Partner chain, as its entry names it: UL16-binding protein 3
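Encoded as structure tokens, the following chain is the form solved without its partner chain, with no partner shown.
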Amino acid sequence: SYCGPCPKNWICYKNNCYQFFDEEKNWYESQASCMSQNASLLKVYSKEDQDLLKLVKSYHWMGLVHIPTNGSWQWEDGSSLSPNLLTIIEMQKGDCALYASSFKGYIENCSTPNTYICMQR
């Protein structure tokens, strides 16, 4: 069976498209980058459908944003984080999060430059 469709130089896995970007940018720059490729930052919605994320090395911006006037974490598209997907770990005071294996999110200052993962589907 075929996987996709996905941009030419992207990784395809269970019909989701992923791309790693090694240029370090703040969270806002990274979101803008994925958007310019008609994608978004990594969104984690299923350990089963996205089990390749166990294989990811290093730490990378994903699309999770913290709403301080709530107790809320949400994805870019406004959807909620569902249960048993990410272990959220304090690291720095901030409103953004870095993905790390295995299915961890480290709270990070949105202004700090990091590598990032875009995702499309």
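For the two forms, the rigid core is made up of the largest set of C-alpha atoms that agree within 1.5 Å on superposition. Residue numbers count along the first chain shown, from 1.
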For this session: Once the rigid core is lined up, would you tell me whether 5-13 or 107-115 has the higher RMS CA deviation in 5 other deposited structures of this protein?
Result: 5-13
Exercise. Between us, would residue 71 come up missing in a third or more of the other compared entries?
Worked result: yes
For this session: Determine, for stretches 102-110 and 11-19, which one has the higher mean CA B-factor as deposited.
Result: 11-19
For this session: Look up the CA B-factors in the entry and say which stretch, 54-62 or 25-33, has the higher mean.
Result: 25-33
For this session: State the tercile, meaning the lowest, middle or highest third, of residue 86 with respect to the CA B-factors recorded for its chain.
Result: lowest
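Unshown form solved in complex with its partner chain; subsequent notes refer to it.
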Exercise. Residue 77: heavy atom within 4.5 Å of its partner chain in the deposited complex?
Worked result: no
Seminar exercise, completed: Near its partner chain in the deposited complex, with a heavy atom at 4.5 Å or closer, the residues from 29-68 are 57, 59
